[PDB]
């Protein structure tokens, strides 16, 4: 499994997402235990724009390891990209409960409320983002 996985990683690193998907899937057929491997498969589908696949593989990563702030955040991003703002808010909130440090993540939670037309919360979360990073 480990060898196929590293081949997928090398393809991913040069931007070849369809090859990374082929080799990650071969790795996961031989050993499905690693949360991080499912997460990297989700990321490959996300980069290709196949967001429903990204969601399925992020959810599989989180089933195996629910303490990944990064996995919740990327799950939120995949829902955001489908126009599923209610789900994006839920998963962004779960990510920020595990790790409140990223200005960028608060900002995106603000963006999801803005897209729902809930401007109060958009302002609450934009203000949290700008306290952490006023540069944009």
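Positions refer to the first chain, counted from 1.
**Q** Name the higher of the two by mean Cα B-factor in the PDB entry, 51-59 versus 29-37.
**A** Mean C-alpha B-factor is greater for 29-37.
**Q** If you take the mean CA temperature factor per stretch, which one wins between 75-83 and 96-104?
**A** Comparing averages over the C-alpha atoms only gives 96-104.
**Q** Lowest, middle or highest third: where is residue 116 by C-alpha B factor in its chain?
**A** According to the entry, residue 116 has a C-alpha B-factor in the chain's highest third.
**Q** Sorting the chain's CA B-factors, does residue 66 end up in the lowest, middle or highest third?
**A** Highest third - that is where residue 66 ends up once the chain's C-alpha B-factors are sorted.
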